[PDB]
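Q: how would this look folded up:
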Amino acid sequence: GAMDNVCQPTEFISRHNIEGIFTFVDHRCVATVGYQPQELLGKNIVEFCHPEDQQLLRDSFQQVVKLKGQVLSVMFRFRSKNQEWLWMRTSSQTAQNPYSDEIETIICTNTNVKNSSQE
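A: Numbering: from 1, shown residues only. What follows is the structure:
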């Protein structure tokens, strides 16, 4: 997988509903998880998330939505376009507008990241 949308990732801001269905995905997502924003949009964020970790992912969304605004931080394995468990940290918090009723989740790549276009 060698796209040419952006330079390198770090974290991509993807909005979604409580379910995790991406109501928005920042174009960094292609450099981050290979999946273009549209390749994520309408998709359940956790569907990519490792099963055993989806419970934690959804949990976060359940907390941000419960506390309406309060940000959540959860690390999960995002099966990216490379078909690899991309460990990420989510910054889930009720989106701004008009997706206020949604949840702005900033998926940031973990592990070592300096001059690598992956993670």
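
Q: C-alpha only now, for contacts and for neighbours.
A: Fine.

Q: So which residues of this structure form helices?
A: Along the chain, counting by DSSP state H, helices occupy 29-32, 37-40, 45-48, 51-66.

Q: Name the nearest residue to the residue nearest the centre of the chain, sequence neighbours excluded.
A: Per CA atoms, centre = their mean, the C-alpha nearest to the average position across the chain is that of residue 107, at 3.6 Å. Setting aside the residues directly before and after it, residue 107 is nearest to residue 90 in space (CA to CA, 6 or more residues apart in numbering), at 4.5 Å.

Q: residues contacting the one you found?
A: 57, 72, 73, 74, 75, 76, 105, 106, 107, 108 (CA atoms under 8 Å, 6 or more residues apart in numbering).

Q: May I have the beta-bridge partners of the second one?
A: Beta bridges link residue 72 to residue 92 when assigned by DSSP bridges.
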